[PDB]
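Colleague: This one is an experimental structure. Sequence first:
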Number of protein chains: 2
Amino acid sequence: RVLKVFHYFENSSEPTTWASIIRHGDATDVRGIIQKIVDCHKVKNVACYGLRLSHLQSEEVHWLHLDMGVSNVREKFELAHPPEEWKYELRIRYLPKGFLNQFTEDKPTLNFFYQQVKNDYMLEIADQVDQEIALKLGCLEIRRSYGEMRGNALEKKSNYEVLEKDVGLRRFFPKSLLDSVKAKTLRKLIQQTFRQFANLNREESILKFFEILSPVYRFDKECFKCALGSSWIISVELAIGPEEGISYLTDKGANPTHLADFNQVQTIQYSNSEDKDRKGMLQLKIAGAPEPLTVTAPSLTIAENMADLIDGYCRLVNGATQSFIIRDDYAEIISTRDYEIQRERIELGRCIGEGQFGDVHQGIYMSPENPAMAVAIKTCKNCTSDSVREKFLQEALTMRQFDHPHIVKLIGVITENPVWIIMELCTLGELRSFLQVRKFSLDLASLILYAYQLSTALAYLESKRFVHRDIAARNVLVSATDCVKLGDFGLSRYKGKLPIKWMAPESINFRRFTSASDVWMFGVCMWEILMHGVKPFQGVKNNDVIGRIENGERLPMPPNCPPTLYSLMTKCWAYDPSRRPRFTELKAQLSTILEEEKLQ
Amino acid sequence: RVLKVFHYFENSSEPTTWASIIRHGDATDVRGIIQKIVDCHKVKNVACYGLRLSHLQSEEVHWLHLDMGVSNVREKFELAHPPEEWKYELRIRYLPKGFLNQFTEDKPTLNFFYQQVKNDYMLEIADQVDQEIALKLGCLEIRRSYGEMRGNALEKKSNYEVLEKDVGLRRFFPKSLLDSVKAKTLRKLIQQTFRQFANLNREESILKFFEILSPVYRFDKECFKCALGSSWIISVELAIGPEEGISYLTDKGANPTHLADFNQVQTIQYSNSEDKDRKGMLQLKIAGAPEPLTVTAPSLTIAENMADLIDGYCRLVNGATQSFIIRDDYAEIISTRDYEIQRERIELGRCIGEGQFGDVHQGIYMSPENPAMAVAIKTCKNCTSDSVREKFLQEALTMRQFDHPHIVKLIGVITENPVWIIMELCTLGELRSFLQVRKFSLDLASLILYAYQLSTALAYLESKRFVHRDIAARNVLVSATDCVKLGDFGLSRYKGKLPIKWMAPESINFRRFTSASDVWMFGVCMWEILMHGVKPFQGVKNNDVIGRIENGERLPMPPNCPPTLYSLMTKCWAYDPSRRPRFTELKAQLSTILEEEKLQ
């Protein structure tokens, strides 16, 4: 049985992309796997790093016990949700007393905990923190990453051009700050802050990083809510760490009133709550008392997590090896999820048209699972107005939640100015001019398949209920001679002109837009595609269009059109907009039509 | 157990890319699987199509018996070679008497056998055939593909522009012809030949296609060699088909002297030869004789194939269902190989430099396994000289036979003028200017890894023994900040100047080129990369270079160089070219060096 886990050993992959695959037997346990993981890099620690499981799209996690079976976990939890909704995480949870000291004598673990909790910082508090503290941490971090760099290194206009045009600091500084300061102001901030820590080293700036995290966050511990009392039971926030032993707060900045110490601990055991409330009990034994301390947490999950907490501090600061929780195996290093998008992995190509929001370009992206994917990049001329920004976001988030082949697929975004788009390229481009140039060359079966694929697509829209209102051949976009993907999906309000010849009477008259007008504009779409690209009513006004529809006048058949094909088109020409049939009907009909076409 | 087979039912995929996956149980047999395959498209035939297995990189095939287990085959043959060296092939082998008639009443099978043996034609005989016959078949084929197209359709300069700039006819006409005729001459050939069959249909031009294959190839049968005689044994070429029954030739164009007919057949059985010769025996029974006809083939393989031959004609033209070879299963439609490269799937991008053979461009390719891969495209200014053409081929075929990640990988070629290249893109480009611009920004660990990857690469060269002679930083080429792939691999002879400062003394003096100079130029490569791109001996002649080496003068260390790093560089600076150590030594050393670097 093989396994994938993200680790926090350094490589050239991204600072949050330190991954490996470990192959282990059923007998292998979380404690056993960590042995391999650490022996990959010669760490001085035997019973320190724990293992955390985690849901990708949620803040729920599960620290896990040692002797458990890997496959037993993978069962017990993947049976709940897919592996795209589970994630192992190798991590510290434990720290000896002067951990700065005990693992300043352990440099790999020094950098390990460093990168780890620095990450957690950038996750939770970077966008919150003071400007000044951010600059402190950031220039100490320059000193970290650049171990042999000069102290006058960043004194140059050239270097500034580097750091802005090449590096960029979404890795390092927060969105909150960087979208709050002038370019030149930010420069001189970084200057003055780079002056002072000009010549430290790793270990030095590392312990300074911890000193600066101290006032703003007590990473020595975690913070859990609970309510204690055998008999009258009393909410507290039992935040436990090596810095105190066992204590609790009655105010924010209080020194928590002390109870006991890890060295005083003797035993652990937990079970479900006394009742059907979704909670669990956790009895303990502390050194030399007749006296059980019993915490109760909002979940048996957290009951087990605090069981692991205490047992692992026992492993940590005592020589304890067995679990205090009274309830040839050998691993060798070998759909719907969160997407992270940076800027560095991008080609800045040539102009590929002139669009609605603005000009558009193509380029590349790189990633570990699949890389070097050249794409279209939908963009805008001006990003000054937040309304256009929001619609520019809205098309993206709209097309996000779909899951389909012949839907055109965004991959994600870079949400700083100039915000860009990752549209997997509509290669041959505008189906209109495409088929205009390819008039005397193409095959009606392929036209039937164009209609078929678009049928299945807009059918899936109705199955998940979105309305486009502006479907057009110029909005149809192409991948190949055997693939045309639905494109655009944008909102624009509110005057003239409008694609009247495409539109339905209800819309043309009083802005009514439903599945009826949807089927009608799909009808004109199928039509014009099947026309070899001939538009409706050449040289005619958009004014008489409504008059001639309400006169019942309809578009003539194409030359050499198939019977069933135009039959379905006329089914879609029900003057009663309500009566025009459904997209599932379009699917089944056009399906059987192409069946008989292939039958010839 | 699932399964993949290429079928010959039509789709929008390429004419030779008609593939499907079938999922079947162990109980499923080749005869049983074909039921699903045909019921996908409503064919009128129950016991007609056979199954052929085939090696990709060889002309060996294996027609297979009905009641055999699919997985039994997949075992019995994949245990011999990988699935990249095996291939199922659903095919006709059988034809009733006036098969043109019996399957002109079966239009799906009409087009099936049509496309099948037309393919085989384009495989074997298209490059051989007469000009005129080729044009005949090709314009009948225009009529085939274009079923509703006009008869005056290709009368236009415009259409000619279409067929040359968009379609192209490697699908349809041979290399031999198309690289034998002027563009305009070929045009008018196609014109005059398109005039005459201007208005047939499928079925008509189909049977004409068969009429034109008749004089040039007897597709009614296959042709096997054997030697017959119970007692004195006599080489013949027993080519059997429904057109004759059983016969044989004594000359090329002879009417083969007849022996027996399929209706006369009674039984089959085969076994190995009488002796250790790699052959097999095949006894038969024919209607109303005391008399065994015993063929002997060069292989038991072909013994079984002719057993299947006869038993399948029995199934064909008789109502026989059981095998005459006397020796809930249900399938549902769901490294190192031959590469086919066309032109249509290509982007024609912008200029991306100015190279040795000629200018160079980037672009895209599309394929079923992986598509839309944007790449570099190495090209040439002039393809007039066949020597430059051969070297342009030689670099390609050179880099073909490797198998490695950090070797730069061609994907293949289009071997008509202008012949092009598919280099998976060296993205960030020239490592020289790259690192020149990124001087004050980069990390020595990444430089160590540059050296490491190049070490492993040229080490693999030595493991498979190729010599480059011209390794340079300008020849080093980049993918990323964590990937640099070996590039170029070209031959150019034979005056000045030369990269003398890179080269070794033996070469500079008398054109000696071995692993010694290899290690030296790798040394200068590592050096200059580690220099932050500083070249050797600025403003110095290439003349005094040899004098100063033979004076023992060496390059100074870099500023802030690591000890072990320059130590290994000086190991490579052994003035005795023989004594400069090996690339496996470079691997192990630089490995442990980066180990200790990550250790810090």
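Modeller: Arrived safely, thanks for sending. Numbers count the residues shown, from 1 in each chain, chains lettered A, B, ... in the order given.

Colleague: closest point of the stretch 101-250 of chain A to chain B, which residue?
Modeller: For the stretch 101-250 of chain A and chain B, the shortest gap (Cβ to the nearest Cβ) falls at residue A:162, measuring 5.1 Å. Bear in mind the C-beta positions are built from the backbone N, C-alpha and C, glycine included.

Colleague: how deep is the closest residue to that residue other than its chain neighbours tucked in, by neighbour count?
Modeller: Distances taken as Cβ to Cβ, 6 or more residues apart in numbering or on different chains place residue B:441 nearest to residue A:162, at 5.1 Å, with adjacent residues excluded. Residues near residue B:441, counting by other Cβ atoms under 10 Å in any protein chain shown, number 17.

Colleague: and if you look at residue A:259?
Modeller: Residues near residue A:259, counting by other Cβ under 10 Å: 16.

Colleague: so it touches residue A:295, yeah?
Modeller: No: contact criterion Cβ atoms under 8 Å: residue A:259 and residue A:295 do not qualify, at 10.8 Å.

Colleague: can you list the residues of the stretch 1-150 of chain A near chain B?
Modeller: A:9-13, A:41-42, A:107-108, A:111, A:145-149 (Cβ under 8 Å from any Cβ of the partner chain).

Colleague: Which among those residues count as buried?
Modeller: A:9, A:10, A:107, A:108, A:111, A:146, A:149 (16 or more other Cβ atoms under 10 Å in any protein chain shown).

Colleague: tell me which element the first one falls in.
Modeller: Element membership of residue A:9, judged by DSSP states H and E, is empty: it is in no helix or strand.

Colleague: surely it meets residue A:109?
Modeller: No: if you go by Cβ under 8 Å, residue A:9 and residue A:109 don't touch, sitting 10.7 Å apart.

Colleague: so residue A:569 sits in a helix?
Modeller: Yes: checked against DSSP: H, G, I helix; E, B strand; the rest coil, residue A:569 lies within a helix.

Colleague: follow-up on the earlier one: check whether the residue of the stretch 101-250 of chain A closest to chain B sits in a helix, strand or coil.
Modeller: helix.

Colleague: Are we agreed that residue A:347 is in a helix?
Modeller: No: counting by three-state DSSP, residue A:347 is not found in a helix; it is coil.

Colleague: can you count the residues close to it?
Modeller: The burial count for residue A:347: 20, using other Cβ under 10 Å.

Colleague: Look up how far residue A:322 lies from it.
Modeller: 57 Å (Cβ to Cβ, to the nearest Å).

Colleague: Likewise for residue A:240?
Modeller: Residue A:240 sits 21 Å away from residue A:322, going by Cβ to Cβ.

Colleague: Of these two, give the one with the bigger neighbour count.
Modeller: residue A:240 (23 against 10).

Colleague: I'd assumed residue A:220 was in contact with the more buried one.
Modeller: No: the criterion here is Cβ under 8 Å, and residue A:240 misses it with residue A:220 at 9.8 Å.

Colleague: you'd agree residue A:173 is up against residue A:131?
Modeller: No: using Cβ under 8 Å, residue A:173 is not in contact with residue A:131, being 9.9 Å away.

Colleague: Give me the more crowded residue out of the two.
Modeller: residue A:173 (24 against 14).

Colleague: Over to the closest residue in space to that one that isn't next to it in sequence. Which of the three states is it?
Modeller: Nearest residue to residue A:173, sequence neighbours excluded (Cβ to Cβ, 6+ apart): residue A:138, at 5.3 Å. Following three-state DSSP, the label given to residue A:138 is helix.

Colleague: Which residues of the stretch 401-550 of chain A lie near chain B?
Modeller: Checking the stretch 401-550 of chain A against chain B by Cβ under 8 Å from any Cβ, the hits are A:424-425, A:427, A:438, A:440-441, A:443-446, A:449, A:480-482.

Colleague: Now the two most distant members of those.
Modeller: Across these, the longest distance by Cβ to Cβ is 30.5 Å; it joins A:424 and A:440.

Colleague: Quick one: list the elements packing against the strand or helix carrying residue A:301.
Modeller: Using DSSP H and E, residue A:301 sits in helix A:300-317. Counting contacts by 3 or more Cβ pairs under 8 Å, 6 or more residues apart in numbering or on different chains; DSSP states H and E, helix A:300-317 is packed against strand A:61-63, strand A:265-272, strand A:280-286, strand A:294-297.

Colleague: One more pass at 10 Å, please.
Modeller: strand A:49-54, strand A:61-63, helix A:99-102, strand A:226-228, strand A:265-272, strand A:280-286, strand A:294-297 (3 or more Cβ pairs under 10 Å, 6 or more residues apart in numbering or on different chains; DSSP states H and E).

Colleague: in the helix or strand that contains residue A:396, what counts as buried?
Modeller: Using DSSP H and E, residue A:396 sits in helix A:386-400. Within helix A:386-400, the residues that count as buried by 16+ other Cβ under 10 Å are A:388, A:389, A:391, A:392, A:395, A:396, A:398, A:399.
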